Structures are given as C-alpha cells and as structure tokens.
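Some notes on the structure that comes next.
Rule-based calculations on the coordinates, nothing more; no lab input. Cβ: placed from backbone, ideal geometry, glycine included. Neighbour counts: every protein chain shown.
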Ligand SMILES: Cc1cc2nc3c(=O)[nH]c(=O)nc-3n(C[C@H](O)[C@H](O)[C@H](O)COP(=O)(O)O)c2cc1C
Ligand SMILES: [Cl-]
Ligand SMILES: [Cl-]
Ligand code: NA
C-alpha cells in the first residue's frame with residue numbers, strides 16, 4: 001500500500017516521504033566536537049529526505065572517541081547545532097540527533113580517560129585517533145556511579161537536542177557501541193543485574209530509553225538496533241533471544257519508531273549468515289519500523305509494498321546523492337560515493353556532490 005513517496009508520522013514528526021537519510025559519521029566538526037558552518041550546508045543539501053538522522057553525536061567527552069565528530073553535551077555544541085537544524089527546517093525538512101556513547105570503541109588519547117564498557121574487554125583491530133590508527137585499549141567495566149553519570153549524559157544530550165531545535169533523537173544502541181556492548185553476551189561478562197539472562201542484558205538499554213523518554217517524551221524518541229551480524233567485535237550467538245524482547249520492551253515503553261540495520265550474507269557494510277530478525281521484530285514492534293542496509297529503490301519499494309517496513313533509511317546513497325528522493329522519483333542514475341572522503345576534514349566528498357540540477 002505505501003510507497004517511498006507517501007508521507008509518514010514519526011510520532012509528531014510529519015515526514016513528506018519514507019526515504020530516510022541514515023546516520024553517517026563524516027568528521028567535519030572541530031577538535032572540540034563543536035559543529036562547523038560546512039555541516040549546515042551538508043544537511044540543507046539533503047533536506048528533501050523525509051527524515052534526516054544526524055551523524056552519531058557524542059553525549060559526553062567519555063563516550064566520544066571519533067576524531068572531528070560532533071557532541072551535544074555543551075552549550076557551545078547546542079549553539080553550533082541551531083543554524084544547522086534551522087537550515088533543514090527552512091527547506092521544509094525534518095531532523096533527529098543520533099545520541100552516541102561509543103563505549104569501549106574510543107581511545108583515551110581522544111577522550112582523556114579509559115574506554116568504558118559493560119566489561120573490561122578490548123575491541124578487535126585499530127581505533128581512529130587524531131594521530132592515526134592506534135591499538136584498542138582494554139576498557140573498564142562501569143559501576144553504579146558510572147551508570148548514574150552516563151544516564152545523566154543521555155538525559156542532558158536528549159534535552160540539548162530539543163534545545164537545538166531537533167524534531168527528536170535516535171538512541172544509538174547498535175554497531176558494537178556502549179548499549180550494544182551490554183546487549184551481546186560476547187561483550188557483556190557482568191555478574192550483576194546488567195549481565196547473564198536476556199532481561200538483564202536489556203536493562204541498560206531500558207534505563208537509557210526510560211531516562212530519554214522522561215526528558216523529551218516517548219513520541220520524540222527513536223532507537224537504532226543492529227540485531228544480526230558481528231559489528232566491531234560484538235556478536236550474540238542467539239540474537240533473537242535478546243533483540244526480540246528488546247524490541248518488545250521498546251514497544252512497551254512507547255518508543256515512537258525503531259530502525260534496524262540488517263547486514264545480508266553478502267552485505268557491503270557487513271557480512272553474516274546470522275539471519276535477519278526484521279520479520280519477528282515487525283510483529284512485536286508496531287509503530288513505524290525503518291529498515292536499513294544495501295536497499296535499492298526497487299528493494300525498498302517491495303519491502304514497503306509487502307508490509308515489511310514503513311520506511312527505508314539509505315546511508316551511502318545519501319553521501320553522493322543529496323537529492324536521492326528526486327532521483328528515485330524521476331528515474332535518474334545515482335552518483336557513486338567516494339570512500340576516501342567518508343571521514344576526511346574538507347568539503348571535498350562532503351558538500352561537492354551535485355544534485356541532478358546543480359552541476360555535472
Ligand atoms: C561513512 C559512514 C558513516 C556511518 N556513520 C554511522 C553513524 O554515525 N551511526 C550509525 O548508526 N551508523 C553509521 N553508518 C552505518 C550507516 O548508517 C548504514 O547503516 C550503512 O551505511 C548501511 O546502509 P546503506 O547500505 O544504505 O549505506 C555509517 C556508514 C558509513 C559508510
Ligand atoms: Cl585529551
Ligand atoms: Cl551489532
Ligand atoms: Na563509522
């Protein structure tokens with residue numbers, strides 16, 4: 001029944017279409033994690049998206065390890081976000097701030113402090129720093145004091161997002177970051193009430209969501225989960241035993257919308273024979289369901305036609321096609337994205353991909 005071009009309501013957010021811009025870390029903020037004027041241009045270019053989900057935005061210095069990524073804990077960050085968000089609204093667009101705690105996926109050279117997690121684990125591979133890739137450090141397992149402080153940071157970030165004029169927030173509970181580190185048995189070795197059985201592994205996500213809901217309203221709160229596929233050293237061996245109850249809980253708490261990132265056995269941003277949980281989650285989460293990863297125009301039109309999703313989020317296509325909706329509507333070819341400028345500092349590979357009007 002619905003097509004990508006039909007409007008949709010994300011709680012009180014009236015989106016003109018069901019073509020969502022997925023959250024994309026670009027590293028065009030400054031070294032104090034304050035957004036920059038070039039980010040106002042980037043988001044305004046993409047305002048024809050029914051909904052923009054921002055790049056992951058740090059809730060705290062502790063939880064932000066990504067060089068040149070923005071935060072939203074500080075008044076200076078809020079002030080820099082305001083015109084970015086205003087430019088999107090002036091174009092009739094909608095935008096939500098993706099709230100990030102990176103958990104063990106940080107380097108102390110960036111945060112000034114030991115990475116923190118569910119448990120004292122080391123992420124595989126290398127971590128981005130201002131001085132190049134470094135070996136990951138072993139994290140420390142957060143205690144009750146840390147959990148109270150981090151819940152405070154999620155609360156403050158949520159309030160600051162509304163203060164900056166955002167239409168809502170999405171809790172980043174995916175891709176092997178803090179919340180996902182609690183959800184997966186691989187990264188959660190805790191002996192306390194946040195460890196062991198599924199309901200315990202879900203409790204951190206529950207407390208974060210409840211605190212954000214209390215601060216800004218359930219109707220302005222979304223979540224992202226990546227149920228299937230080891231993303232960044234983070235696998236559950238029985239994902240349905242934690243991800244379906246998590247989605248059930250998010251339904252029960254009144255969460256306005258859920259996005260699932262689902263790699264395929266032959267994904268371009270993740271590969272896994274761990275099946276997709278989307279169909280099971282669709283039955284237990286009943287408000288708008290956004291699916292993401294390797295969608296094409298036709299795959300997205302078909303997901304919607306078959307009631308598998310209410311909307312589709314596109315990441316890489318929105319890097320290089322600021323007017324993606326218009327291109328889909330008119331059957332215009334999509335431009336390729338330049339991987340080399342995903343995370344560089346300049347306007348090159350950021351604001352210089354033309355619309356199918358503005359250049360060649
Ligand atoms: C450069 C880049 C940055 C990304 N940054 C984020 C992020 O900040 N938060 C997030 O949840 N996912 C992030 N992702 C994952 C994307 O949102 C999306 O799930 C992924 O690109 C798969 O969708 P696609 O096939 O439509 O690109 C990023 C992906 C890329 C390629
Ligand atoms: Cl520092
Ligand atoms: Cl994951
Ligand atoms: Na990233």
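Per-structure values
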read-out: Of all DSSP beta bridges in the chain, antiparallel share, percent nearest 5; value: 15
read-out: Euclidean distance between Cα centres, the range 73-100 to the range 120-145, Å; value: 29
read-out: Cα gyration tensor category, rounded, prolate or oblate, for the range 1-61 with a/c compared to 1.5; value: prolate
read-out: Additional length obtainable on full extension of the chain from residue 348 to residue 144, 0.36 nm per residue less Cα span; value: 69.0 nm
read-out: Highest average packing first - 244-253, 269-278, 225-234, Cβ atoms within 10 Å; value: 225-234, 244-253, 269-278
read-out: Value at 222 nm in deg cm²/dmol, rounded to 500, when DSSP H runs of n ≥ 4 in the chain each add -39,500 (n - 2.57); value: -9500 deg cm²/dmol
read-out: Percentage, to the nearest whole number, of Cα pairs in the chain over 32 Å apart; value: 24
read-out: Proxy reagent accessibility, fewest Cβ within 10 Å first, across 9, 180; value: 9, 180
read-out: Euclidean distance of C-alpha centroids, the range 239-291 and the range 301-360, integer Å; value: 23
read-out: Taking 171, 72 and counting other C-beta atoms within 10 Å, the order from fewest to most; value: 171, 72
